[PDB]
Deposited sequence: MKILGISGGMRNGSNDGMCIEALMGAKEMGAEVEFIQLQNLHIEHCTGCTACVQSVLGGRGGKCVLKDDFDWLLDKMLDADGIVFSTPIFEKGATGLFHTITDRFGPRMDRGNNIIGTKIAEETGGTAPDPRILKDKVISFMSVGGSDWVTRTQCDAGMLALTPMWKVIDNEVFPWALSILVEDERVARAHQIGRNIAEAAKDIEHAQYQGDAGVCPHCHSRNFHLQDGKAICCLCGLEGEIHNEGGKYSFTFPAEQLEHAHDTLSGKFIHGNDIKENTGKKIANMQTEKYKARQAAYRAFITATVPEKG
């Protein structure tokens, strides 16, 4: 079993340490380990070393990703990696694509891409402003439907490398990812049970008559049973959940239909006239 550790913090900072401590626990379980420090990489925003990074992640049986917390969420770079997983790693599209390829004599895309995989996350912050990072982390796994093992948040963690019990927790997380990768099929989630019984998320978008889980997108109802929160949903919503094949197939077909509508709409005179007036009204300002 091959475990990859990734750190999005500063070189030789706390995320590196927690990540490496997780790698140590993974080796204790018998894993070969590798470490990638993202500050050594050049990665552009979704409109360069990304393909290299992706190849490394695809060669790993399990992944431990440690990210700083920026504004109560993961770093911009973590969000960029998530943006850029979209067109290459979506499990629905990759199943569709290799099916069309096999049936039309096309070229079989990369086998590694559809391989099952386990991943764990650690979010390390300076304070208690930490309420969005675990959902950001889940977002990265959601696209390829990698199986999350741990998804841990460390608040008040500037001095975490002298906090022995919290370092021991990174070590255990590394043991977990290693065991999980031994038998990916029977690997089991080890994290907080959360509120969403399906997602494990604690993040919700709330409107009248509809509570939406911010990770998996199930639409249902939030209950306050004396301060304890719970989340229910009609079972049929499971077909639409954003982290299932069924939900991804639906989502992708909606994108295809709506993209087709747009291409045709771009031919209309209404579209062309409005666009021409935008171009004539103003020119974009750029730095000299």
| query | finding |
| --- | --- |
| Stretches with no C-alpha atoms in the model, relative to the deposited sequence starting at 1 | 48-67, 309-310 |
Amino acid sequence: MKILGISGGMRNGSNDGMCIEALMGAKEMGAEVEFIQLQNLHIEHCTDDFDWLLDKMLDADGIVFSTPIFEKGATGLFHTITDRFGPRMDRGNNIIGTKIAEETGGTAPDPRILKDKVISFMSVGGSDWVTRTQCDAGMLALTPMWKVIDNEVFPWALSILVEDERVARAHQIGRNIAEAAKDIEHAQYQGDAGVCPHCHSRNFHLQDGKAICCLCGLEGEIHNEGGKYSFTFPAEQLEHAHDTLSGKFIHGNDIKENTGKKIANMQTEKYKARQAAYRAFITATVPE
From here on, numbers count along this sequence of modelled residues.
query: Stretch with the higher entry mean CA B-factor, where the candidates are 121-129 and 187-195; finding: 187-195
query: Segment of higher mean CA temperature factor, 95-103 or 71-79; finding: 95-103
query: Maximum C-alpha temperature factor, selected from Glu219, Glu34, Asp51, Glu44; finding: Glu219
query: Top Cα B factor in the deposited entry, candidates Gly138, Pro109, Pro155, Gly174; finding: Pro109
query: Record-listed C-alpha B factor of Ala264: chain third; finding: highest
query: Third of the chain's Cα B-factor distribution that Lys270 belongs to, per the entry; finding: highest
query: Where the record places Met1 (Cα B-factor, split into thirds across the chain); finding: highest
query: Modelled-residue ranking by C-alpha temperature factor, third containing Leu38; finding: lowest
query: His205, C-alpha B-factor rank within chain (lowest, middle or highest third); finding: middle
